[PDB]
Amino acid sequence: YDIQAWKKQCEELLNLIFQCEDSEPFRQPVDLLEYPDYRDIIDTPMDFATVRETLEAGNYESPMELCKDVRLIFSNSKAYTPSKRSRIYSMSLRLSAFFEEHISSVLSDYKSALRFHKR
Ligand SMILES: O=C(NC1CC1)c1cnn2cccnc12
């Protein structure tokens with residue numbers, strides 16, 4: 001029923017993601033000194049600190065918008081990798097599976113709560 005519950009649920013999920021060793025490459029914006037051609041490949045950089053900051057600033061209206069940004073972190077990694085076997089891309093796939101498994105109920109509860117609100 002709670003149309004606002006998704007926000008704390010997303011904060012707690014982001015805390016789990018930061019505790020996860022697989023999030024290490026994605027915790028802060030990609031360093032262009034480390035990867036000089038990154039912006040030649042990636043149009044819209046995204047990282048978990050930016051997601052957390054957007055959420056804490058009150059700049060997400062729904063968990064769907066947060067999901068879109070988290071999914072962009074993973075699609076950027078898939079686009080930048082030269083190999084399906086790279087260490088960082090492999091970490092992104094595990095972290096994506098963990099994220100999708102935990103965000104499913106957040107989106108479901110939010111959409112259900114909003115449908116109840118607008119009934
Ligand atoms: O997403 C990647 N890098 C960004 C987060 C730092 C990334 C994916 N595969 N890969 C291989 C070598 C170097 N960096 C990568």
# chains A, B, ... in the order shown; residues from 1 in each chain; ligands from 1
>>> residues_around(residues="range 27-41 of chain A", least_positions_apart="2", cutoff="12 Å", atoms="only C-alpha atoms", output="JSON, numbers by chain")
{"A": [14, 15, 17, 18, 19, 20, 21, 22, 23, 24, 25, 43, 44, 45, 46, 47, 48, 49, 50, 51, 52, 53, 70, 73, 75, 76, 77, 78, 79, 80, 81, 82, 92, 95]}
>>> atom_distance(atom1="CA of residue 2 in chain A", atom2="CA of residue 109 in chain A")
8.2 Å
>>> closest_residue(among="A:4, A:90, A:16, A:84", to="residue 103 in chain A", atoms="only C-alpha atoms")
A:16
>>> atom_distance(atom1="CA of residue 101 in chain A", atom2="atom 13 (C, counted along the ligand's line) of ligand 1")
25.6 Å
>>> select_by_dssp(residues="chain A", states="alpha helix (DSSP H)", output="PyMOL selection string")
chain A and resi 6-19+38-41+48-56+63-80+87-117
>>> residues_around(residues="residue 61 in chain A", least_positions_apart="6", cutoff="12 Å", atoms="only C-alpha atoms", output="list in words")
residues 3, 4, 5, 6, 7, 54, 55, 67 and 110 of chain A
>>> write_last_selection(atoms="N, CA and C atoms", output="mmCIF file, in the first residue's frame")
data_model
loop_
_atom_site.group_PDB
_atom_site.id
_atom_site.type_symbol
_atom_site.label_atom_id
_atom_site.label_comp_id
_atom_site.auth_asym_id
_atom_site.auth_seq_id
_atom_site.Cartn_x
_atom_site.Cartn_y
_atom_site.Cartn_z
ATOM 1 N N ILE A 3 3.098 4.020 -1.115
ATOM 2 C CA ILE A 3 3.646 4.578 -2.362
ATOM 3 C C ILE A 3 5.078 5.122 -2.161
ATOM 4 N N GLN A 4 5.518 5.348 -0.906
ATOM 5 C CA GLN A 4 6.854 5.871 -0.650
ATOM 6 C C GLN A 4 7.885 4.862 -0.196
ATOM 7 N N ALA A 5 7.447 3.610 0.102
ATOM 8 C CA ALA A 5 8.346 2.614 0.649
ATOM 9 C C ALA A 5 9.525 2.252 -0.218
ATOM 10 N N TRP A 6 9.406 2.417 -1.529
ATOM 11 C CA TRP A 6 10.479 2.054 -2.444
ATOM 12 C C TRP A 6 11.764 2.782 -2.165
ATOM 13 N N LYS A 7 11.695 4.002 -1.630
ATOM 14 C CA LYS A 7 12.914 4.796 -1.462
ATOM 15 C C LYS A 7 13.865 4.205 -0.427
ATOM 16 N N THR A 54 21.502 10.779 -6.520
ATOM 17 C CA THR A 54 20.238 11.184 -7.148
ATOM 18 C C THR A 54 19.072 10.813 -6.227
ATOM 19 N N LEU A 55 19.120 9.624 -5.640
ATOM 20 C CA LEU A 55 18.073 9.163 -4.730
ATOM 21 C C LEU A 55 18.033 10.043 -3.472
ATOM 22 N N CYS A 67 15.972 2.157 -11.483
ATOM 23 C CA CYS A 67 16.293 0.929 -12.224
ATOM 24 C C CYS A 67 16.888 1.224 -13.554
ATOM 25 N N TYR A 110 5.722 -1.189 -5.546
ATOM 26 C CA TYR A 110 5.439 0.186 -5.915
ATOM 27 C C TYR A 110 4.292 0.280 -6.922
#
>>> atom_distance(atom1="CA of residue 98 in chain A", atom2="CA of residue 115 in chain A")
26.8 Å
>>> closest_residue(among="A:60, A:26, A:116, A:99", to="ligand 1", atoms="only C-alpha atoms and all ligand atoms")
A:26
>>> closest_residue(among="A:1, A:56, A:68, A:13", to="residue 108 in chain A", atoms="only C-alpha atoms")
A:1
>>> closest_residue(among="A:66, A:10, A:88, A:97", to="ligand 1", atoms="only C-alpha atoms and all ligand atoms")
A:88
